Student: 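Just passing along the structure, written as structure tokens.
Here, residue 1 is the first one in the sequence, and each next residue gets the next number. Both counts, for ligands and for their atoms, begin at 1 and track the order of listing. Heavy-atom basis, side chains included; hydrogens, waters and symmetry copies ignored.
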Amino acid sequence: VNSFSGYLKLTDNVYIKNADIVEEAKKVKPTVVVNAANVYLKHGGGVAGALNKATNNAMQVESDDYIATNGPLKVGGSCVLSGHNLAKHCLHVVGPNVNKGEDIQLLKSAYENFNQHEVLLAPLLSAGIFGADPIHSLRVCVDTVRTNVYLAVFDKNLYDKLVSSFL
Ligand SMILES: O=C1CC[C@@H](c2ccccc2)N1Nc1ncnc2[nH]c3cc(F)ccc3c12
């Protein structure tokens, strides 16, 4: 048993809710919150900009030090950093950005990072400003992640479409 509340169960291990991931993280304080990161960990907009804003820019300060030491992530890759006031840890995962012409095939590799964590609160990778089809992202999530994932979908109309179209 865990404290995630109000989720619809899609499969044995995937759950979904219409929620703001920032507000969800603040309430639950999960062990792991996933950020929709880019390779530079520049948290300007989308989920990343919102998570970073909620940390009062501490996520960005930590991220800039990480990049200065280690260089950029790979598309499809991840790193574990602090969750600040939102979670114990933040798993920064880079899904492909279609608006940069990145290979959508890399979305499966991106979701594989979730399997290193038993339970996660996460957004749909490559959705939103990353330009992929969220229905496709949900399918890849369900077919790739084997650990317990709680998906927060900000947009109510999209949440309803994702549920109603789920196979
Ligand atoms: O609704 C959806 C489906 C796709 C996904 C997404 C992913 C990367 C970039 C943009 C959008 N996304 N966005 C969110 N998902 C969950 N909680 C969120 N809190 C936010 C607060 C904000 F200021 C802006 C957006 C979100 C948000």
Student: Please state whether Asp20 comes within less than 4.0 angstrom of ligand 1, counting heavy atoms only.
Tutor: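 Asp20 counts as a contact of ligand 1 under the 4.0 Å cut-off.
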Student: Tell me, which protein residue and heavy-atom name are nearest atom 16 (C) of ligand 1, and how many Å apart are they?
Tutor: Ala152 O, 3.3 Å
Student: Looking at ligand 1, does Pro134 have a heavy atom less than 4.0 Å from it?
Tutor: no
Student: For a side-chain contact (heavy atoms from CB on, under 4.5 Å) check, start with the C-alpha distance between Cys79 and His92, then their side-chain angles and the critical distance, and finish with the verdict.
Tutor: CA-CA 5 Å; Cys79 68; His92 294 272; 4.1 Å; yes
Student: Tell me: protein heavy atom nearest atom 7 (C) of ligand 1, and distance?
Tutor: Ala127 O, 3.4 Å
Student: Among the clusters formed by ILVMFWY side chains lying less than 4.5 Å apart, do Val94 and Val34 turn up in the same one?
Tutor: no
Student: List the closest protein heavy-atom neighbour of atom 12 (N) of ligand 1: residue, atom name, distance to the nearest 0.1 Å.
Tutor: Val47 CG2, 4.3 Å
Student: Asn35 vs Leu91, test: side-chain contact (heavy atoms from CB on, under 4.5 Å). Steps then yes/no.
Tutor: CA-CA 6 Å; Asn35 181 32; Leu91 181 70; over 6 Å; no
Student: Check this for me: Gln116, atom CD, are more than 12 non-hydrogen atoms of other residues, nucleotides or ligands nearer than 6.0 Å?
Tutor: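 Result for CD/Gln116: open.
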Student: Are any of the N/O atoms in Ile21 less than 3.5 Å from those in ligand 1?
Tutor: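 Right, the criterion is met.
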Student: With no hydrogens and no angle check, is any side-chain donor or acceptor of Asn57 less than 3.5 Å from a backbone partner on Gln60?
Tutor: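 Flag not set: sc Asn57 to bb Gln60 has no pair under 3.5 Å.
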Student: Identify the closest protein heavy atom to atom 24 (C) of ligand 1: which residue and atom is it, and at what distance?
Tutor: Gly46 O, 3.7 Å
Student: Considering non-hydrogen atoms of the protein only, which is the closest contact for atom 2 (C) of ligand 1, and what is the distance?
Tutor: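 Of every protein heavy atom, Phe154 N, 3.9 Å lies nearest to atom 2 (C) of ligand 1.
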Student: Establish, yes or no, whether a centroid distance under 6.0 Å links the rings of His89 and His117.
Tutor: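 Centroid separation for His89 and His117: 6.0 Å or greater.
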Student: Check for me, please, whether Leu162 and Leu151 land in the same ILVMFWY cluster - side-chain distances under 4.5 Å, paths through other members count.
Tutor: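 Shared cluster, yes.
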Student: Out of all atoms in ligand 1, which are within 4.0 Å of some heavy atom of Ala50? Include the element for each.
Tutor: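 In order of number, 21 (C), 22 (C), 23 (F).
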Student: Just to be sure I'm reading this right: ignoring hydrogens, which of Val22, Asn97, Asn18, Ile129 gets closest to atom 10 (C) of ligand 1? Compare them by their nearest heavy atoms.
Tutor: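 Nearest option to atom 10 (C) of ligand 1, by heavy atoms: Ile129.
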Student: Quick one: which of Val119, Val14, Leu120 gives a side-chain contact (heavy atoms from CB on, under 4.5 Å) with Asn148?
Tutor: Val119
Student: Could you check atom 6 (C) of ligand 1 against the protein and tell me its nearest heavy-atom contact, residue, atom and distance included?
Tutor: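 Looking only at protein heavy atoms, the one closest to atom 6 (C) of ligand 1 is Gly128 CA, 3.5 Å.
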Student: Counting from 1, what ligand 1 atoms have a heavy atom of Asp155 closer than 4.0 Å?
Tutor: 1 (O)
Student: Examine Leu158 against ligand 1 and note whether any of their N/O atoms are separated by less than 3.5 Å.
Tutor: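 No; the residue has no nitrogen or oxygen that sits under 3.5 Å from a nitrogen or oxygen of the ligand.
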Student: Closer than 4.0 angstrom, basic N to acidic O: yes or no for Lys42 and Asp64?
Tutor: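 Yes, this pair counts.
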